[PDB]
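Down below is the structure, laid out as structure tokens.
Chain naming here is simple, since letters A, B, ... match the order of the sequence lines and numbering starts at 1 in each. Reckoned from all heavy atoms, side chains included, excluding hydrogens, waters and symmetry mates.
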Amino acid sequence: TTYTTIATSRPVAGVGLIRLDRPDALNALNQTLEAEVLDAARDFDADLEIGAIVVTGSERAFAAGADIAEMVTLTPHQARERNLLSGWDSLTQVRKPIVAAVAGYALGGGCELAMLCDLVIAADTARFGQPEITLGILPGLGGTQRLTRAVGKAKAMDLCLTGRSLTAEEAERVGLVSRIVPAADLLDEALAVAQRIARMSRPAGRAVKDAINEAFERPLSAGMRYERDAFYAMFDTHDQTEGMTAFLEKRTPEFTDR
Amino acid sequence: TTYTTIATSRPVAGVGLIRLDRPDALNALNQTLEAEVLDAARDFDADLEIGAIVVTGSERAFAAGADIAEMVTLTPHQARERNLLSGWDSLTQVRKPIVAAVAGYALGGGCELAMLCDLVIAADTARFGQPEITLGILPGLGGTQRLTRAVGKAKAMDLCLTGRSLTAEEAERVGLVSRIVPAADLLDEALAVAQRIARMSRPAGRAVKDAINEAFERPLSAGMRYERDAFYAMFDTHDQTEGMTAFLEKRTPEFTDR
Amino acid sequence: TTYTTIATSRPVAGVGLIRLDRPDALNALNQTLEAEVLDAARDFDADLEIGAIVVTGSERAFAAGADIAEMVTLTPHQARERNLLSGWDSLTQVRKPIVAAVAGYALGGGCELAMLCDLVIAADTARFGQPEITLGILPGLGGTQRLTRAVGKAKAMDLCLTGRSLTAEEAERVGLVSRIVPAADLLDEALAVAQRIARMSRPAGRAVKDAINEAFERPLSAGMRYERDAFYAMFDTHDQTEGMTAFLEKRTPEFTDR
Ligand code: NA
Ligand code: NA
Ligand code: NA
């Protein structure tokens with residue numbers, strides 16, 4: 001498939017890479033980019049050879065905002081009738097893990113894109129913010145929901161009311177990102193993390209991702225019941241027997257389940 | 001209005017300041033102070049010229065506890081019949097943002113007051129704790145609820161079972177506060193943050209605050225739906241058009257919505 | 001009672017210690033150990049002289065995993081019919097506080113054991129991970145539920161998909177543990193913390209623990225109502241009068257409630 005706003009590749013075995021490529025717009029999220037990222041991610045999710053997906057931007061910007069030239073003329077009814085941002089919501093239904101590799105600006109919709117991914121690997125140059133209020137709006141893709149759950153009320157209120165950014169260091173300290181690495185090492189780290197995930201059991205990876213997502217949907221008691229049911233069900237798989245037998249036999253597992 | 005336990009002022013444009021002023025009691029929260037803070041905050045919320053509110057104590061204490069001389073004689077039925085602490089609950093219904101500027105002791109009800117605010121700016125001298133257990137009670141104003149949500153179970157259990165305090169540094173590290181600054185810079189930082197918020201769109205500020213509060217009331221899926229509806233509705237406002245147009249025209253926005 | 005996988009003691013006044021003792025297995029959690037820890041904890045909970053419980057392993061391992069030799073042959077129906085891990089769930093019903101004192105490896109079920117406790121005191125040597133995916137399974141004792149609630153999605157996804165460990169330092173930074181101390185000081189710190197808790201009001205300790213646990217079961221509004229009811233009820237106790245009177249009289253309280 002040919003894309004106009006992104007570049008896709010398979011840079012290492014088992015990993016699909018989606019690189020945002022609107023450099024004139026600092027990778028601002030527009031409607032085309034939304035559809036193209038969703039399409040690419042769905043193709044990677046359907047590809048048996050791929051175990052994990054990486055989303056990244058440029059050295060300068062993961063994504064600096066949603067595209068404001070596109071949003072300025074929007075009305076409430078048009079936003080609702082077009083189901084605006086629903087493509088990004090659909091991205092949360094991809095079953096394989098998605099690793100955001102964030103360099104430079106991840107602002108507004110770009111911060112929200114990083115937060116909707118499963119892991120975030122941040123360059124030391126990464127800056128995370130929700131400056132929607134400065135434009136007379138509020139976040140619409142989880143900047144008030146996923147951010148608050150990750151970093152707490154006091155930091156979420158500061159970001160979303162003042163427009164300030166967090167540095168990568170601060171973001172890691174308060175739970176927004178998985179890891180920080182030097183900027184020159186960002187893509188290598190993200191590809192290595194993604195390949196490690198891709199070498200793991202496929203059904204176990206899906207189960208982990210599903211269960212962590214479910215942690216935000218239920219009270220703890222019900223989440224524990226959900227996780228316990230998922231755990232029992234893993235014992236139905238070939239990969240469970242192989243993984244545990246390999247451990248006990250001090251050898252590498254050969255996972256085969258789809 | 002004349003107050004007996006607080007001092008109110010408008011120190012910079014767009015900002016209302018509430019300073020707790022019971023120095024003999026280290027600003028312990030009594031019934032009078034509760035009613036006076038609520039009254040002052042409601043007046044600032046109704047004042048069109050004000051965009052944000054700051055609550056602060058003295059250099060020595062934001063508030064060291066609820067007033068124990070007042071609580072010692074309390075019975076369960078009197079506490080329930082008087083709706084004790086309901087004024088502080090009402091403070092959560094103020095629509096404009098509230099910034100807590102915390103120096104020195106914020107203990108017990110004082111820590112809870114900081115946590116019920118939207119942002120917390122802490123002096124490096126700030127100390128946060130919930131020593132209710134040492135008095136034979138437990139927190140009654142969110143010291144087990146807002147604290148746990150901010151800092152996690154292990155730190156909340158430590159504070160509320162052992163009576164220890166967190167330093168400002170520790171509090172920031174685990175998500176209890178928005179920012180730390182040197183003690184001499186605390187009021188300047190809080191007033192600057194509050195004025196920045198007051199320069200933002202009024203309906204967008206209310207929407208941000210409401211949506212972040214809603215993050216603690218719903219599972220993520222339903223919170224995302226709530227936030228998406230709020231986002232669509234912002235496109236109904238003059239401030240959205242002005243904010244986005246100003247961005248695109250590389251100029252300062254002139255927000256006008258009430 | 002004689003135990004085969006643990007050693008129990010009363011090392012300081014008011015504290016019951018449970019030491020995991022399967023050194024050949026690095027304290028891996030098997031069925032026997034589960035039942036023995038539950039039994040010991042229930043005995044300490046019923047002992048009027050005990051105010052807090054400490055669970056610890058060896059210098060090398062708090063617990064390195066669930067016992068894989070035992071799980072390798074498990075089927076989904078046998079896991080469900082045996083109510084596997086239900087003993088650990090029952091441990092959450094112990095009313096007195098439980099302090100995990102973690103040195104060295106706390107992996108898999110061992111990390112989950114630390115997270116199900118109320119406080120975690122970590123040696124600087126502590127390592128926390130959920131490497132279940134490497135065995136073809138997922139966590140079944142809260143490694144996707146309690147971990148996510150403590151540290152956030154990005155870190156929980158990293159741990160549970162990549163199998164990496166957090167250092168004690170990292171774990172404290174993101175909210176997984178209460179305190180870090182040098183390895184040589186771990187048991188002293190944990191016993192001192194536990195004795196401090198044991199010197200507090202018994203009903204107030206139970207109420208604190210219950211309310212913090214309830215923070216994960218309800219939306220904030222309902223959690224605040226729960227906590228407010230619990231607070232009113234504390235004024236029914238002798239310990240509340242004694243604790244507050246002692247404060248006001250600048251003396252040590254003599255708590256007596258059971
Ligand atoms: Na099996
Ligand atoms: Na519009
Ligand atoms: Na009483």
Side-chain angles (χ1 to χ4, degrees), chain A residues 65-66 71 74 76 79-80 84-86 88-89 92 107-116 128-164 166 176 216-217, chain B residues 45 51-53 91-99 115-120 146 149-150 175 178 196-197 200-237 239-240 243-244 255 257, chain C residues 152-153 219-221 224:
Chain A
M71 282 182 176
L74 198 58
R80 174 175 296 278
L84 207 82
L85 308 176
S86 68
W88 298 118
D89 294 339
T92 71
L107 304 172
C111 183
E112 289 165 311
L113 176 55
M115 292 184 296
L116 74 80
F128 296 88
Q130 300 287 168
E132 284 84 350
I133 193 175
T134 70
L135 303 173
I137 56 155
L138 87 165
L141 189 48
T144 71
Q145 298 303 305
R146 292 195 183 91
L147 177 68
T148 307
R149 290 167 169 82
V151 304
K153 191 180 69 171
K155 295 271 191 212
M157 290 281 197
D158 184 351
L159 264 56
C160 295
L161 295 166
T162 74
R164 78 151 170 119
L166 306 174
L176 191 61
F216 300 104
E217 305 300 336
Chain B
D45 204 25
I53 296 159
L91 187 58
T92 71
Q93 293 168 308
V94 163
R95 309 297 308 275
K96 286 161 200 190
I98 305 174
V99 177
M115 292 184 296
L116 74 80
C117 295
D118 305 310
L119 282 78
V120 181
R146 292 195 183 91
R149 290 167 169 82
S178 308
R196 166 103 179 142
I197 297 172
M200 302 295 183
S201 166
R202 294 281 178 93
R206 288 193 297 273
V208 165
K209 171 169 170 164
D210 293 339
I212 293 177
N213 281 329
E214 200 66 10
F216 300 104
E217 305 300 336
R218 304 185 172 211
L220 177 62
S221 55
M224 292 294 293
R225 289 196 299 271
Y226 188 89
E227 187 202 71
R228 189 66 49 75
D229 287 337
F231 169 85
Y232 294 160
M234 289 311 299
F235 289 89
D236 217 13
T237 70
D239 281 3
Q240 169 269 314
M244 294 187 178
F255 294 122
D257 282 320
Chain C
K153 191 180 69 171
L220 177 62
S221 55
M224 292 294 293

Quick one: closest heavy-atom pair of [X] and [Y], and the distance?
X        : Y        : result
B:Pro97  : B:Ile197 : CG-CG2, 3.6 Å
A:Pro139 : A:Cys160 : CG-SG, 4.1 Å
A:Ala114 : A:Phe128 : CB-CE2, 4.2 Å
A:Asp158 : B:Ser178 : OD2-CB, 3.6 Å
A:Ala79  : A:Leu74  : CB-CD2, 3.6 Å
B:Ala211 : A:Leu138 : CB-CD1, 3.8 Å

Nearest 0.5 Å, what's the [atom1]-[atom2] distance between [X] and [Y]?
X        : Y        : atom1 : atom2 : value
A:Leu161 : B:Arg196 : CG    : CZ    : 11.0 Å
B:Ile53  : B:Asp118 : CD1   : CG    : 9.0 Å
A:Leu85  : B:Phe231 : CG    : CZ    : 5.0 Å
B:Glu227 : B:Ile212 : CD    : CD1   : 9.0 Å
B:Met200 : B:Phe255 : CE    : CZ    : 7.5 Å

Are [X] and [Y] packed together at the side-chain level, in the sense that at least one heavy-atom pair is separated by less than 4.5 angstrom?
X        : Y        : value
A:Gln130 : B:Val208 : no
A:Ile133 : B:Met234 : no
A:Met115 : A:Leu141 : no
C:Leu220 : C:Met224 : yes

Donor-acceptor check, side chain of [X] to backbone of [Y], threshold 3.5 angstrom: yes or no?
X        : Y        : value
A:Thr148 : A:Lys153 : no
B:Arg206 : B:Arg95  : no
A:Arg149 : A:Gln145 : yes
A:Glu217 : B:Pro219 : no
B:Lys209 : B:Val94  : yes
A:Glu132 : A:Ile137 : no
A:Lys155 : B:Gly175 : no
B:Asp239 : B:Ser201 : no
A:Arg164 : A:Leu159 : no

Yes or no on side-chain contact (heavy atoms from CB on, under 4.5 Å) for A:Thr144 and B:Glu214, after CA distance, side-chain angles and deciding distance?
CA-CA 9 Å; A:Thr144 71; B:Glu214 200 66 10; over 6 Å; no

Going through the distances and angles, do B:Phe235 and B:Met244 end up as a side-chain contact (heavy atoms from CB on, under 4.5 Å)?
CA-CA 11 Å; B:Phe235 289 89; B:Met244 294 187 178; 4.0 Å; yes

Does the pair A:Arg80 and B:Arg228 meet the rule for a side-chain contact (heavy atoms from CB on, under 4.5 Å), with working shown?
CA-CA 9 Å; A:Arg80 174 175 296 278; B:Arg228 189 66 49 75; over 6 Å; no

